[PDB]
């Protein structure tokens, strides 16, 4: 049993939108994840499939270190997916997928996270939004997210 939306605490959440989630460990920052699926378990609890975002300081580098966030708003997308309870959502947030050619939006205009990289968890490396390393479906996912960001931000101030 799958759902296209789910309502909790007075807020309705659709598919393919970023949300903040209460972290597993208390000391962690609130997790950020894209909603990919809304399902109901056998026992009736509602779980959402989420595609994680990785903060540059927590994403492991191959060399064993961590990345330096260029901007406070920087997040790494990924393909790491996990089923988390629907009651764990805090609220919907804003995440902007802006390609390398276009420059970032201004902070006071549109506040929220910005994504310029995608974190490869297997090889522990970063992929650009458009890259030959992607498979067809993963490049399609990244293109869908970039397009959804573009329908919001019309102007493309190039560097």
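Positions refer to the first chain, counted from 1.
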{"query": "Higher-B stretch (mean Cα B-factor, as the entry records it), 43 to 51 or 129 to 137", "finding": "129 to 137"}
{"query": "Between 8 to 16 and 142 to 150 (mean CA B-factor, as deposited), the higher", "finding": "142 to 150"}
{"query": "63, 30, 112, 56, ranked by C-alpha B-factor: the highest one", "finding": "63"}
{"query": "Lowest, middle or highest third - CA B-factor, residue 124", "finding": "middle"}
{"query": "Entry-reported Cα temperature factor of residue 74, expressed as the chain third it lands in", "finding": "middle"}
{"query": "Entry-reported Cα temperature factor of residue 100, expressed as the chain third it lands in", "finding": "highest"}
